[PDB]
file protein_21.csv (CSV, C-alpha atoms and all ligand atoms)
chain,number,residue,atom,x,y,z
A,8,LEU,CA,81.0,-148.9,-3.5
A,9,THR,CA,81.4,-148.5,-7.3
A,10,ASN,CA,77.6,-148.7,-7.6
A,11,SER,CA,76.8,-146.3,-4.9
A,12,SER,CA,74.4,-143.3,-5.9
A,13,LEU,CA,75.5,-141.2,-2.9
A,14,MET,CA,79.3,-141.9,-2.8
A,15,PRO,CA,80.3,-139.5,-5.6
A,16,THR,CA,78.6,-136.6,-3.8
A,17,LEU,CA,79.7,-137.2,-0.2
A,18,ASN,CA,82.2,-135.3,1.9
A,19,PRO,CA,85.7,-136.5,1.1
A,20,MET,CA,86.5,-137.7,4.6
A,21,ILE,CA,83.2,-139.7,4.5
A,22,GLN,CA,84.2,-141.2,1.2
A,23,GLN,CA,87.6,-142.4,2.5
A,24,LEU,CA,86.0,-143.9,5.6
A,25,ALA,CA,83.4,-145.8,3.5
A,26,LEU,CA,86.2,-147.1,1.4
A,27,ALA,CA,88.3,-148.1,4.4
A,28,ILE,CA,85.3,-150.0,6.0
A,29,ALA,CA,84.4,-151.7,2.8
A,30,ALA,CA,88.1,-152.7,2.3
A,31,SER,CA,88.2,-154.1,5.8
A,32,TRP,CA,85.2,-156.3,5.2
A,33,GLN,CA,85.8,-157.2,1.5
A,34,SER,CA,87.7,-160.6,2.0
A,35,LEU,CA,85.8,-161.7,5.1
A,36,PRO,CA,83.4,-164.7,5.1
A,37,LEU,CA,80.5,-162.5,4.4
A,38,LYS,CA,76.8,-163.5,4.1
A,39,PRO,CA,73.9,-161.1,3.6
A,40,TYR,CA,72.1,-159.7,6.5
A,41,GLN,CA,68.6,-158.7,5.5
A,42,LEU,CA,67.5,-155.5,7.2
A,43,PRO,CA,63.8,-155.1,7.9
A,44,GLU,CA,61.7,-155.2,4.7
A,45,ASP,CA,65.0,-156.1,3.0
A,46,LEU,CA,65.9,-152.4,3.0
A,47,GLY,CA,68.5,-151.0,0.6
A,48,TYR,CA,67.9,-147.5,-0.6
A,49,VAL,CA,65.3,-145.2,0.9
A,50,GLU,CA,64.3,-141.6,0.5
A,51,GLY,CA,61.7,-139.4,2.1
A,52,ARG,CA,60.5,-135.9,2.4
A,53,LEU,CA,57.8,-134.1,4.4
A,54,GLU,CA,57.7,-130.3,4.5
A,55,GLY,CA,61.4,-129.6,4.1
A,56,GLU,CA,64.5,-131.3,2.6
A,57,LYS,CA,64.6,-134.8,1.4
A,58,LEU,CA,66.7,-137.5,3.1
A,59,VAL,CA,68.4,-140.2,1.0
A,60,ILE,CA,69.9,-143.3,2.6
A,61,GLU,CA,71.9,-146.2,1.2
A,62,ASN,CA,72.2,-149.3,3.3
A,63,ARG,CA,74.6,-152.2,3.1
A,64,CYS,CA,74.6,-155.0,5.7
A,65,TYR,CA,76.4,-158.3,6.1
A,66,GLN,CA,77.2,-160.9,8.8
A,67,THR,CA,80.0,-163.3,9.6
A,68,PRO,CA,80.3,-165.9,12.4
A,69,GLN,CA,81.9,-163.3,14.6
A,70,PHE,CA,79.7,-160.4,13.6
A,71,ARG,CA,75.9,-160.6,14.0
A,72,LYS,CA,75.3,-157.6,11.8
A,73,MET,CA,77.7,-155.4,9.8
A,74,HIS,CA,75.9,-152.2,8.8
A,75,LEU,CA,77.3,-149.4,6.7
A,76,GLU,CA,74.9,-146.6,6.0
A,77,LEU,CA,75.4,-143.5,3.9
A,78,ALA,CA,72.9,-140.6,4.0
A,79,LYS,CA,72.4,-137.1,2.6
A,80,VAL,CA,69.8,-134.4,3.5
A,81,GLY,CA,69.3,-132.1,0.5
A,82,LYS,CA,72.6,-130.6,-0.3
A,83,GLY,CA,73.6,-129.7,3.2
A,84,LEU,CA,74.2,-132.6,5.5
A,85,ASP,CA,76.0,-135.9,4.9
A,86,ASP,CA,76.3,-138.8,7.3
A,87,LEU,CA,78.2,-142.1,7.5
A,88,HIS,CA,77.0,-144.5,10.1
A,89,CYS,CA,78.6,-147.9,10.7
A,90,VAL,CA,78.3,-150.5,13.4
A,91,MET,CA,79.8,-154.0,13.6
A,92,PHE,CA,77.5,-155.7,16.0
A,93,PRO,CA,79.3,-158.7,17.6
A,94,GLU,CA,78.0,-162.2,18.0
A,95,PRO,CA,77.9,-162.4,21.8
A,96,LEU,CA,79.3,-165.9,21.8
A,97,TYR,CA,82.7,-164.5,20.9
A,98,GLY,CA,82.6,-161.4,23.2
A,99,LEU,CA,84.1,-158.9,20.8
A,100,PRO,CA,83.5,-155.2,21.3
A,101,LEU,CA,81.3,-153.1,19.2
A,102,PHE,CA,83.0,-151.1,16.3
A,103,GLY,CA,81.1,-148.0,15.5
A,104,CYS,CA,81.5,-144.7,13.8
A,105,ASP,CA,79.3,-141.7,12.9
A,106,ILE,CA,80.6,-138.9,10.7
A,107,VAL,CA,78.5,-135.8,10.0
A,108,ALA,CA,79.4,-133.2,7.4
A,109,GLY,CA,78.0,-130.2,5.7
A,110,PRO,CA,79.2,-127.9,2.9
A,111,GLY,CA,81.5,-126.3,5.5
A,112,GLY,CA,83.2,-129.6,6.3
A,113,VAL,CA,82.9,-132.3,8.9
A,114,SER,CA,81.1,-131.2,12.0
A,115,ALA,CA,81.3,-134.4,14.0
A,116,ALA,CA,83.6,-137.5,13.8
A,117,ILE,CA,83.0,-140.2,16.3
A,118,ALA,CA,84.6,-143.7,16.3
A,119,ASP,CA,85.0,-146.3,18.9
A,120,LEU,CA,85.5,-149.9,19.9
A,121,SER,CA,82.9,-150.0,22.7
A,122,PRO,CA,82.8,-152.5,25.6
A,123,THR,CA,80.2,-155.2,26.1
A,124,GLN,CA,81.6,-156.6,29.5
A,125,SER,CA,79.7,-155.8,32.7
A,126,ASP,CA,82.8,-154.1,34.1
A,127,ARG,CA,82.6,-151.7,31.1
A,128,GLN,CA,86.2,-152.6,30.1
A,129,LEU,CA,87.4,-153.7,26.7
A,130,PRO,CA,89.1,-157.1,26.6
A,131,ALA,CA,92.7,-157.0,27.7
A,132,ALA,CA,94.1,-157.6,24.2
A,133,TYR,CA,92.2,-154.6,22.8
A,134,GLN,CA,93.3,-152.4,25.7
A,135,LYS,CA,96.9,-153.2,25.0
A,136,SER,CA,96.7,-152.8,21.2
A,137,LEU,CA,94.8,-149.5,21.4
A,138,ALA,CA,97.2,-148.1,24.0
A,139,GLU,CA,100.1,-148.9,21.6
A,140,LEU,CA,98.6,-146.5,19.0
A,141,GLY,CA,99.4,-143.5,21.0
A,142,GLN,CA,97.2,-140.7,22.3
A,143,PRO,CA,96.1,-138.9,19.1
A,144,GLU,CA,96.2,-135.1,19.2
A,145,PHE,CA,93.1,-133.3,18.0
A,146,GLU,CA,92.6,-129.6,18.4
A,147,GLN,CA,88.8,-129.6,18.6
A,148,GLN,CA,87.7,-132.3,20.9
A,149,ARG,CA,84.0,-132.6,21.8
A,150,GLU,CA,82.5,-134.0,25.0
A,151,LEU,CA,80.2,-136.9,24.7
A,152,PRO,CA,76.6,-136.5,25.9
A,153,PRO,CA,75.5,-138.5,29.0
A,154,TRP,CA,74.2,-141.5,27.0
A,155,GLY,CA,77.8,-141.8,25.6
A,156,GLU,CA,78.9,-143.5,28.8
A,157,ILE,CA,78.7,-146.6,26.6
A,158,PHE,CA,81.8,-145.6,24.7
A,159,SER,CA,85.3,-146.7,25.7
A,160,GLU,CA,88.2,-144.6,26.9
A,161,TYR,CA,89.5,-144.8,23.3
A,162,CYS,CA,86.5,-143.1,21.7
A,163,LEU,CA,87.2,-140.3,19.4
A,164,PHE,CA,84.7,-137.4,19.2
A,165,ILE,CA,86.1,-134.4,17.3
A,166,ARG,CA,85.5,-131.7,14.8
A,167,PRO,CA,88.5,-132.2,12.5
A,168,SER,CA,90.4,-128.9,12.2
A,169,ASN,CA,92.3,-129.4,9.0
A,170,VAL,CA,93.1,-132.1,6.4
A,171,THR,CA,95.9,-133.5,8.6
A,172,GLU,CA,93.4,-134.2,11.3
A,173,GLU,CA,90.9,-135.7,8.9
A,174,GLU,CA,93.6,-138.0,7.7
A,175,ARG,CA,94.6,-138.8,11.3
A,176,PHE,CA,91.1,-139.7,12.2
A,177,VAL,CA,90.7,-142.0,9.1
A,178,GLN,CA,94.0,-143.7,10.0
A,179,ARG,CA,92.8,-144.3,13.5
A,180,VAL,CA,89.6,-145.9,12.2
A,181,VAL,CA,91.7,-148.0,9.9
A,182,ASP,CA,93.8,-149.0,12.9
A,183,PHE,CA,90.7,-149.8,15.0
A,184,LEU,CA,89.3,-152.0,12.2
A,185,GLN,CA,92.7,-153.8,11.8
A,186,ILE,CA,92.9,-154.6,15.6
A,187,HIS,CA,89.2,-155.7,15.5
A,188,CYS,CA,89.5,-158.0,12.6
A,189,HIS,CA,92.7,-159.6,14.0
A,190,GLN,CA,91.1,-160.1,17.4
A,191,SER,CA,88.1,-161.8,15.7
A,192,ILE,CA,90.4,-164.5,14.4
A,193,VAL,CA,91.7,-165.4,17.8
A,194,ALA,CA,88.4,-165.2,19.6
A,195,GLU,CA,86.9,-168.5,20.9
A,196,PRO,CA,83.4,-169.3,21.9
A,197,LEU,CA,82.7,-168.2,25.5
A,198,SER,CA,80.7,-169.8,28.3
A,199,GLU,CA,77.0,-169.4,28.5
A,200,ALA,CA,77.3,-166.9,31.4
A,201,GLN,CA,79.8,-164.8,29.5
A,202,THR,CA,77.8,-164.9,26.4
A,203,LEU,CA,74.9,-163.6,28.3
A,204,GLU,CA,77.0,-160.8,29.8
A,205,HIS,CA,78.1,-159.7,26.3
A,206,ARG,CA,74.5,-159.8,25.1
A,207,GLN,CA,73.5,-157.5,27.9
A,208,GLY,CA,76.2,-155.1,27.0
A,209,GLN,CA,75.1,-155.0,23.4
A,210,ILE,CA,71.4,-154.4,24.3
A,211,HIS,CA,72.5,-151.6,26.6
A,212,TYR,CA,74.6,-150.1,23.8
A,213,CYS,CA,71.6,-150.0,21.5
A,214,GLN,CA,69.2,-148.6,24.1
A,215,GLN,CA,71.6,-145.7,24.8
A,216,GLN,CA,72.3,-145.0,21.1
A,217,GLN,CA,68.6,-144.6,20.7
A,218,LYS,CA,68.8,-141.5,23.0
A,219,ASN,CA,70.5,-139.5,20.2
A,220,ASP,CA,68.0,-136.9,19.5
A,221,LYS,CA,70.2,-135.3,16.8
A,222,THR,CA,69.9,-138.4,14.7
A,223,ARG,CA,66.3,-138.8,15.5
A,224,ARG,CA,65.4,-135.3,14.4
A,225,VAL,CA,67.1,-135.8,11.0
A,226,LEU,CA,65.0,-138.9,10.5
A,227,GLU,CA,61.8,-137.2,11.8
A,228,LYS,CA,62.1,-134.2,9.5
A,229,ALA,CA,62.1,-136.4,6.5
A,230,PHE,CA,59.8,-139.3,7.5
A,231,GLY,CA,58.0,-138.4,10.8
A,232,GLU,CA,58.0,-139.7,14.3
A,233,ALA,CA,56.7,-143.2,13.8
A,234,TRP,CA,59.0,-144.0,10.9
A,235,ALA,CA,62.0,-142.6,12.8
A,236,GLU,CA,61.2,-144.7,15.9
A,237,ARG,CA,60.9,-147.8,13.7
A,238,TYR,CA,64.2,-146.9,12.0
A,239,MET,CA,66.2,-146.2,15.1
A,240,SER,CA,64.9,-149.2,17.0
A,241,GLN,CA,64.7,-151.8,14.1
A,242,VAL,CA,67.3,-150.7,11.5
A,243,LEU,CA,70.0,-148.7,13.3
A,244,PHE,CA,70.1,-149.9,16.9
A,245,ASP,CA,68.1,-153.2,17.1
A,246,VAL,CA,67.9,-154.7,20.6
A,247,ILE,CA,68.7,-158.3,20.5
B,301,LIG,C1,70.6,-142.0,9.4
B,301,LIG,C2,71.7,-142.2,10.3
B,301,LIG,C3,72.4,-141.1,11.1
B,301,LIG,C4,72.2,-139.7,11.1
B,301,LIG,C5,71.3,-138.9,10.1
B,301,LIG,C6,73.1,-139.2,12.0
B,301,LIG,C7,73.1,-137.8,12.4
B,301,LIG,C8,73.8,-137.2,13.4
B,301,LIG,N1,74.7,-137.7,14.4
B,301,LIG,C9,75.1,-136.7,15.2
B,301,LIG,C10,75.9,-136.8,16.4
B,301,LIG,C11,76.4,-137.9,17.2
B,301,LIG,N2,76.5,-139.2,16.8
B,301,LIG,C12,77.2,-139.9,17.9
B,301,LIG,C13,77.6,-141.2,17.9
B,301,LIG,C14,77.2,-142.3,17.1
B,301,LIG,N3,76.1,-142.3,16.3
B,301,LIG,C15,76.1,-143.5,15.6
B,301,LIG,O1,75.1,-143.8,14.8
B,301,LIG,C16,77.1,-144.3,16.0
B,301,LIG,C17,77.3,-145.8,15.5
B,301,LIG,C18,77.8,-143.6,16.9
B,301,LIG,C19,79.1,-143.9,17.7
B,301,LIG,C20,79.8,-145.0,17.5
B,301,LIG,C21,77.4,-138.9,18.9
B,301,LIG,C22,78.1,-139.2,20.2
B,301,LIG,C23,77.0,-137.7,18.5
B,301,LIG,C24,76.9,-136.4,19.2
B,301,LIG,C25,75.6,-136.2,19.9
B,301,LIG,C26,75.4,-134.9,20.5
B,301,LIG,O2,76.1,-133.9,20.2
B,301,LIG,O3,74.5,-134.8,21.4
B,301,LIG,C27,74.6,-135.5,14.7
B,301,LIG,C28,75.0,-134.1,15.2
B,301,LIG,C29,76.3,-133.7,14.6
B,301,LIG,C30,77.0,-132.5,15.3
B,301,LIG,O4,76.6,-132.1,16.4
B,301,LIG,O5,77.9,-131.9,14.6
B,301,LIG,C31,73.8,-135.8,13.6
B,301,LIG,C32,73.0,-134.8,12.8
B,301,LIG,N4,73.8,-140.2,12.7
B,301,LIG,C33,73.3,-141.4,12.1
B,301,LIG,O6,73.7,-142.6,12.5
call {"tool": "encode", "arguments": {"input": "protein_21.csv", "output": "structure tokens"}}
result
Amino acid sequence: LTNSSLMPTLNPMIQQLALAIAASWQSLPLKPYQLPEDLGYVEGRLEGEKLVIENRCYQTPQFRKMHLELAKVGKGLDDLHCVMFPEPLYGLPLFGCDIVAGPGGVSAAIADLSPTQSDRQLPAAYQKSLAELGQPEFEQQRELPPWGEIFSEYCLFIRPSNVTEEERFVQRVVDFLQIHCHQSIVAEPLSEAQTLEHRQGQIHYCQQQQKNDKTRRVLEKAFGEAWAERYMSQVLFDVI
């Protein structure tokens, strides 16, 4: 992240989360993943503020697509988006997070390990490791929208109330990533029917994430409807 244009000007929580994700991935058997049009940096404006986005994306044998995206709208909204899309053959859940901030602080902090099984449960080993973290206390919980049925029972969706809660959230993301990267070492290739089940779950996850009109409006205000539809369906939440 040393070379990032956006990092020095992002919200401090976002900065720490970007660092923690990058550190998680740094020593993995990474290969490039080329986004559409080999996208890296992009900016756009229409009648209002400009939107700037920086994209990084990788893959490993266990992770189809590892996407870390940083964005800023003018000087007033920052975003961090990250999804680790699993290779269905290994049946791992989806790591994701979305952190939205403005000059007044973080408004939204979401993180999850989301299921891909048809029973909508995480694998047993994840259930047990996540439970062992304890129920975190957060003073300003937010209720997921209906499309957020995709998220696990461990999903976080808060407005951090103070620095202690910002740090607690970051630590929980670090703990999610640690669990995930360990479970990826012990995963074995699954049967064809199980692989297919997991593929289905990933497709459903992406179709539901595309219902987030808050994200879509940010994109539309800077680039228009057609660009935003392409970005959400081809860059952010591609349907395999
Ligand atoms: C250019 C990219 C990008 C932008 C600009 C972005 C913006 C964005 N995401 C939001 C919410 C949200 N975002 C999520 C969740 C997620 N979203 C994800 O991209 C992932 C991976 C998850 C979860 C793992 C949820 C659940 C909400 C709340 C939606 C709502 O309030 O209706 C909001 C509303 C913040 C608030 O209400 O305080 C904005 C503006 N998200 C982005 O990804």
call {"tool": "closest_residue", "arguments": {"input": "protein_21.csv", "among": "A:173, A:119, A:54, A:146", "to": "ligand LIG 301 (chain B)", "atoms": "all atoms listed in the file"}}
result
A:119
call {"tool": "residues_around", "arguments": {"input": "protein_21.csv", "residues": "residue 51 of chain A", "least_positions_apart": "2", "cutoff": "12 Å", "atoms": "only C-alpha atoms", "output": "ChimeraX atom specification"}}
result
/A:48-49,53-60,78-81,225-231,234-235
call {"tool": "atom_distance", "arguments": {"input": "protein_21.csv", "atom1": "atom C30 of ligand LIG 301 (chain B)", "atom2": "atom CA of residue 32 of chain A"}}
result
27.1 Å
call {"tool": "residues_around", "arguments": {"input": "protein_21.csv", "residues": "residue 111 of chain A", "least_positions_apart": "4", "cutoff": "10 Å", "atoms": "only C-alpha atoms", "output": "PyMOL selection string"}}
result
chain A and resi 18+83-84
call {"tool": "write_last_selection", "arguments": {"input": "protein_21.csv", "atoms": "C-alpha atoms", "output": "short mmCIF file (atom, residue, chain, number, x, y, z; two decimals), in the frame of the given file"}}
result
data_model
loop_
_atom_site.label_atom_id
_atom_site.label_comp_id
_atom_site.auth_asym_id
_atom_site.auth_seq_id
_atom_site.Cartn_x
_atom_site.Cartn_y
_atom_site.Cartn_z
CA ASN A 18 82.20 -135.30 1.90
CA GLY A 83 73.60 -129.70 3.20
CA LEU A 84 74.20 -132.60 5.50
#
call {"tool": "residues_around", "arguments": {"input": "protein_21.csv", "residues": "residue 158 of chain A", "least_positions_apart": "4", "cutoff": "10 Å", "atoms": "only C-alpha atoms", "output": "ChimeraX atom specification"}}
result
/A:101,103,118-123,127-128,151,154,162-163,212
call {"tool": "closest_residue", "arguments": {"input": "protein_21.csv", "among": "A:138, A:99, A:13, A:188", "to": "residue 34 of chain A", "atoms": "all atoms listed in the file"}}
result
A:188
call {"tool": "closest_residue", "arguments": {"input": "protein_21.csv", "among": "A:46, A:30, A:24, A:35", "to": "residue 192 of chain A", "atoms": "all atoms listed in the file"}}
result
A:35
call {"tool": "residues_around", "arguments": {"input": "protein_21.csv", "residues": "residue 8 of chain A", "least_positions_apart": "6", "cutoff": "9 Å", "atoms": "all atoms listed in the file", "output": "JSON, numbers by chain"}}
result
{"A": [14, 25, 26, 29]}
call {"tool": "residues_near_point", "arguments": {"input": "protein_21.csv", "point": "(93.7, -149.4, 7.3)", "cutoff": "12 Å", "atoms": "only C-alpha atoms", "output": "ChimeraX atom specification"}}
result
/A:23-32,174-188
call {"tool": "closest_residue", "arguments": {"input": "protein_21.csv", "among": "A:196, A:152, A:100, A:68", "to": "ligand LIG 301 (chain B)", "atoms": "all atoms listed in the file"}}
result
A:152
call {"tool": "closest_residue", "arguments": {"input": "protein_21.csv", "among": "A:113, A:131, A:106, A:33", "to": "residue 170 of chain A", "atoms": "all atoms listed in the file"}}
result
A:113
call {"tool": "residues_around", "arguments": {"input": "protein_21.csv", "residues": "residue 114 of chain A", "least_positions_apart": "2", "cutoff": "6 Å", "atoms": "all atoms listed in the file", "output": "PyMOL selection string"}}
result
chain A and resi 107-108+166
call {"tool": "atom_distance", "arguments": {"input": "protein_21.csv", "atom1": "atom CA of residue 190 of chain A", "atom2": "atom CA of residue 203 of chain A"}}
result
19.8 Å
call {"tool": "atom_distance", "arguments": {"input": "protein_21.csv", "atom1": "atom CA of residue 156 of chain A", "atom2": "atom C19 of ligand LIG 301 (chain B)"}}
result
11.1 Å
call {"tool": "closest_residue", "arguments": {"input": "protein_21.csv", "among": "A:193, A:239, A:200, A:17", "to": "ligand LIG 301 (chain B)", "atoms": "only C-alpha atoms and all ligand atoms"}}
result
A:239
